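Only one structure is covered here, and it is reproduced in the block below.
Backbone-built Cβ (ideal geometry, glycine too); neighbour counts: all protein chains shown. What follows is calculated from the coordinates using simple rules that are stated; it is not laboratory data.
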Amino acid sequence: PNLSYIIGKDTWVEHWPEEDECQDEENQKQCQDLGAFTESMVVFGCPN
């Protein structure tokens, strides 16, 4: 159970701004897209 994940080129890491930080105009679009995706990719799966 000592598994530790490895960061690589295939792995893309993006910071998710918090609810307070989501009020920013630049971050608002990213927050909305992440929130929509969190439900879409979880319920509808993926086309492939």
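Counting only alpha carbon atoms, the long axis of helix 25-43 and the longest principal axis of the chain meet at about 50°.
Ordered by the number of other Cβ atoms lying within 10 Å of each residue's own Cβ, fewest first, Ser40, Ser4 fall into the sequence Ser4, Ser40. Once divided by 2.2 N^0.38 Å, the Cα radius of gyration of the chain becomes 1.51.
Working from label points 7 Å from Cα in the Cα-to-Cβ sense, the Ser40 to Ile6 distance is 3.3 nm.
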